[PDB]
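Trainee: After the structure tokens below, expect a handful of questions from me.
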Ligand SMILES: Nc1ncnc2c1ncn2[C@@H]1O[C@H](COP(=O)(O)OP(=O)(O)O)[C@@H](O)[C@H]1O
Ligand SMILES: Nc1ncnc2c1ncn2[C@@H]1O[C@H](COP(=O)(O)OP(=O)(O)O)[C@@H](O)[C@H]1O
Ligand SMILES: Nc1ncnc2c1ncn2[C@@H]1O[C@H](COP(=O)(O)OP(=O)(O)O)[C@@H](O)[C@H]1O
Ligand SMILES: Nc1ncnc2c1ncn2[C@@H]1O[C@H](COP(=O)(O)OP(=O)(O)O)[C@@H](O)[C@H]1O
Ligand SMILES: [Mg+2]
Ligand SMILES: [Mg+2]
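This is how it looks when you write it as structure tokens:
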């Protein structure tokens with residue numbers, strides 16, 4: 005019974021490791043005052059007018075020493091406050107309930123996680139969307155916790171116990187969710203409900219686990235009802251990311267989504283595997299419905315992901331347009347060195363500090379712009395869907 | 005309901021692309037594996053000498069055996085393939101592995117924490133043992149059973165256009181319960197290295213894992229749901245392979261339980277980062293419980309032991325520390341060799357090549373890098389082979 009023998013030493017080392025991590029436990039972006047004029051609706055004159063009026067009222071802007079005289083170091087919140095002061099409404103002023111996005115595809119490694127966390131940070135901080143003052147939550151439902159690691163700071167969560175899966179089973183109050191399950195990401199305004207390796211055991215025993223702690227509740231509606239419905243007034247966008255496993259987490263994510271996006275890989279074979287997922291989607295929803303709840307799933311938008319300037323890639327892109335037609339996004343996510351490098355250190359191209367970036371400055375810049383163009387394209391497609 | 009319309013079109017496009025893929029398929033040739041040895045280098049191998057190699061070659065040629073030769077400047081020179089070397093050992097009367105072990109030994113490199121190298125380790129172990137310079141006299145027959153719908157093992161083992169669109173998968177074989185002969189002819193496919201075969205996987209298997217219980221009750225009425233891989237596949241191929249390695253995704257589902265119930269031994273790749281190592285130890289502590297659950301609902305696992313090894317290890321300060329903790333946890337069951345993080349592995353990984361199969365004439369990296377990683381795979385495979393020999397012979 006040596007498995008027990010090694011298992012017991014393992015159990016003891018865990019407590020030793022947990023102590024080592026708990027004994028170890036920021037956005038870089040600021041704007042010069044003059045730089046705000048480049049933003050929509052702002053001018054050098056109206057920014058100075060709003061700034062002086064706010065300071066007269068008592069507001070204090072962030073500043074940082076610039077050699078001799080000290081200068082304004084506008085944070086994203088400072089900019090958002092300036093738009094508010096000037097009477098520009100926020101996104102929540104026209105939509106009164108969180109919209110749920112699920113970037114999904116049974117084929118793994120196609121960028122579900124990177125496009126998810128990039129979309130969240132880039133919508134928040136997009137130059138043209140700051141006036142929208144977006145509140146965004148990313149719910150991680152993959153036990154591998156890739157979204158969690160991208161959104162938090164290494165020595166911030168350390169060992170996570172309160173996970174999205176735990177919240178689903180415990181069925182707590184809006185207040186407890188906000189206070190004990192949700193954690194802020196590196197970019198203020200974007201939050202994450204983390205995941206951990208222990209959730210793999212939760213997924214495995216979902217049936218029985220639901221009978222015990224959630225007697226009578228439909229097994230596919232647990233995330234929507236015990237978590238998302240309680241946070242509907244606290245966020246403008248809620249993005250769910252799960253692993254590629256066709257299990258309870260994936261089904262609960264599907265049942266809670268308002269819209270789906272499918273990242274489409276460009277290599278003929280990966281594209282082929284992705285189409286099988288696209289072809290069986292209606293089958294999965296039917297299955298969910300027939301045995302419980304209905305998905306208020308609007309449409310499924312496709313976008314090429316990790317696209318390169320290669321004959322075969324352009325060819326599959328041609329085929330994707332044919333398959334998705336109108337539901338094809340006009341913007342794609344290019345394969346770029348910036349995404350690759352940031353991916354290595356679990357940074358989003360929006361959160362990576364350019365001063366620390368171990369790579370070409372241009373590569374980081376180009377990737378940020380790609381993420382911004384993709385986020386703007388997604389935001390506008392969603393605006394069209396919700397405005398009609 | 006445009007969801008149905010997009011699906012319809014996706015389906016039509018699928019059929020189109022299937023045909024286009026099938027037409028591009030290129031049949032694989034066993035005599036194409038790149039590795040060849042100079043006749044003179046054979047004397048460096050175990051049990052061979054300059055004189056007994058010269059005698060063996062001459063005696064074999066006299067019986068009609070023909071060794072390939074290639075122009076090398078001023079003369080044509082022998083280009084010895086691994087099969088030619090295996091045949092020289094046989095000519096000399098050296099027994100093979102199957103002459104002392106008559107049933108396949110099942111290995112499962114497992115860990116619920118993902119990206120720890122379960123796949124690259126499995127695939128590198130399979131190719132590197134078969135083609136290890138010091139294990140050629142064993143003439144090994146190795147099968148890799150891919151049970152991950154993402155099919156990473158399948159991709160590493162085959163050539164892009166050698167396999168085509170996959171339908172006959174490991175998961176399908178488990179449900180169809182076909183004969184030994186049908187498995188050998190319709191499901192098993194050869195990898196780029198002769199002697200190492202693969203039972204492939206495909207994205208469709210994700211639906212099979214999800215509906216497992218209903219599918220078993222329907223296609224396999226009355227059979228224990230944890231005993232399917234062992235009884236419908238592996239037990240039938242026991243005389244056909246020396247080692248059978250199983251690779252599944254990092255999901256606690258039927259494929260992983262079926263692999264556990266089938267293995268003779270387990271290896272746990274242990275990642276070097278504190279938190280990853282931490283997630284791995286949670287898996288190691290829960291193993292007994294996993295095995296116990298399977299025992300309670302059906303079959304008993306015959307898992308000998310669980311050997312741990314450091315994977316993607318770097319000569320770093322923090323890594324050295326976790327390596328110490330791993331020793332304390334696994335103790336005598338820690339392998340002495342580790343798989344280091346190396347650019348060769350990373351580059352080969354991007355093109356789904358094994359560092360054993362990668363042709364140095366095509367490698368888009370430094371020659372030293374590929375060579376270093378090939379040697380690291382060979383050292384790891386020999387250590388694993390030696391450890392299993394000790395267990396099986398004592
Ligand atoms: N556009 C891109 N360009 C370059 N690398 C990318 C891009 N999108 C994702 N990646 C990288 O590809 C891998 C797979 O992406 P990931 O988001 O984890 O996929 P899923 O979430 O599909 O498994 C990661 O290692 C990631 O850093
Ligand atoms: N924000 C995060 N939260 C949790 N885990 C993380 C985070 N960022 C990275 N990780 C995990 O920790 C590891 C850190 O890599 P490592 O090379 O040890 O880092 P450093 O060199 O930062 O110690 C990764 O392989 C990953 O599994
Ligand atoms: N020793 C290594 N050095 C460098 N890269 C490695 C090494 N082992 C694995 N990798 C790379 O790490 C990734 C994860 O390995 P993989 O075998 O797929 O893990 P699992 O099978 O753990 O999901 C792949 O991109 C792979 O090529
Ligand atoms: N042996 C294989 N069998 C099936 N799919 C493979 C195999 N080797 C690689 N692949 C898949 O095909 C892709 C090949 O990359 P890609 O950039 O399209 O290649 P090329 O540029 O070779 O067309 C990988 O991302 C992987 O998903
Ligand atoms: Mg992911
Ligand atoms: Mg794998």
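Chains as they are written, first to last, in UniProt numbering: chain E, 5 to 29, 36 to 398; chain U, 5 to 398.
No residue lacks a Cβ here, since even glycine has one placed at the ideal position from N, Cα and C.
(1) Curious, which full-length beta strand (DSSP E) runs of at least 3 residues does the segment 72-148 of chain E contain?
(2) Quick check on the burial criterion: 16 or more other C-beta atoms within 10 angstroms. Buried or exposed for residue 12(E)?
(3) Could you tell me which uninterrupted alpha helix (DSSP H) segments, each at least 4 residues in length, are contained entirely in the segment 174-199 of chain E, listed from first to last along the chain?
(4) Return yes when at least one heavy atom of ligand 2 lies under 7 Å from the C-beta of residue 277(U), else no.
(5) Tell me the DSSP secondary structure of residue 315(U) in three-state form.
(6) Whether or not the segment 337-349 of chain U and the segment 303-322 of chain U are in contact is what I'm after, with contact meaning three or more pairs of Cβ atoms, one per stretch, closer than 8 Å; do they touch?
(7) Looking at the structure shown, is residue 292(E) part of a helix, part of a strand, or coil, going by DSSP?
(8) Let me make sure I understand the geometry here. Which of 152(E), 163(E) and 41(E) has the alpha-carbon closest to that of residue 28(E)?
(9) Going along chain U, which residues have a C-beta under 7 Å from residue 214(E)?
(10) Please list the residues of the segment 104-126 of chain E that have a C-beta atom closer than 9 Å to any C-beta atom in chain U, keeping them in chain order.
(11) Can you find a CB in chain E that lies within less than 8 Å of the CB of residue 190(U)?
(12) Is the CB of residue 60(U) under 8 Å away from at least one CB in chain E?
(13) With a cut-off of 8 Å, does the C-beta of residue 26(U) fall near any C-beta of chain E?
(14) Should residue 80(E) go down as buried or exposed, given a rule of 16 or more other Cβ atoms within 10 Å for buried?
(15) Assuming residue 166(U) contacts residue 32(U) under a Cβ cut-off of 8 Å, what Cβ separation, rounded to an integer in Å, is found between them?
(16) Nearest-angstrom Cα distance between residue 142(E) and residue 389(E)?
(17) Note down the Cα distance separating residue 134(E) from residue 113(U), rounded to an integer number of angstroms.
(18) In angstroms, rounded to a whole number, what distance separates the CA positions of residue 229(E) and residue 206(E)?
(19) Taking the alpha carbon of residue 355(E) as the point to measure from, which residue in 227(E), 124(E) and 119(E) has its own alpha carbon closest?
(20) As a quick exercise: from 326(E), 250(E) and 239(E), pick the residue whose alpha carbon is nearest that of residue 17(U).
(21) Residue 68(E): buried (16+ other C-beta within 10 angstroms of its C-beta) or exposed?
(22) Across which residues does DSSP place residue 344(E) in a beta bridge pair?
(23) Assign residue 252(U) to one of three DSSP states: helix, strand, or coil.
(24) Is the Cβ of residue 169(U) closer than 8 Å to any Cβ of chain E?
(25) Given residue 102(E), which residues of its chain have a CB within under 8 Å of its CB, disregarding the five upstream and five downstream residues?
(26) When Cβ atoms are compared, which residues of the segment 323-342 of chain U fall closer than 8 Å to chain E?
(27) Are the segment 31-51 of chain U and the segment 173-185 of chain U in contact at 8 Å, needing three or more beta carbon pairs?
(28) Helix, strand or coil for residue 269(E) per DSSP?
(29) So with CB distances below 8 Å, who are the chain U contacts of residue 7(E)?
(30) Determine, for residue 411(U), whether the minimum Cβ-Cβ distance to residues of chain E falls below 8 Å.
(31) Quick check on DSSP: helix, strand or coil for residue 244(E)?
(32) Determine the extent of the alpha helix (DSSP H) in which residue 395(U) is found, giving its start and end residues.
(33) Taking 8 Å as the CB-CB limit, is residue 262(U) close to chain E?
(34) What residues from chain U crowd round residue 133(E), counting only those whose CB sits closer than 8 Å?
(35) Would the beta-carbon of residue 274(E) fall within 8 Å of that of residue 294(E)?
(36) Quick check: what's the CA-CA separation for residue 138(E) versus residue 110(E)?
Mentor: According to the structure data:
(1) 73-75, 80-82 and 109-113
(2) exposed
(3) 174-180
(4) yes
(5) strand
(6) yes
(7) helix
(8) 163(E)
(9) 256 and 257
(10) 116, 117, 118 and 119
(11) no
(12) no
(13) no
(14) exposed
(15) 4 Å
(16) 11 Å
(17) 42 Å
(18) 21 Å
(19) 124(E)
(20) 326(E)
(21) exposed
(22) 317(E)
(23) strand
(24) yes
(25) 143, 145 and 246
(26) 329, 332, 333, 334, 335 and 337
(27) no
(28) strand
(29) 291, 292, 295, 307, 309 and 310
(30) The structure shown does not extend to residue 411(U), since chain U is modelled only from 5 through 398, so no value can be given for it.
(31) coil
(32) 371-397
(33) no
(34) Chain U residues near residue 133(E): none, gap ~25 Å exceeds 8 Å.
(35) no
(36) 22 Å
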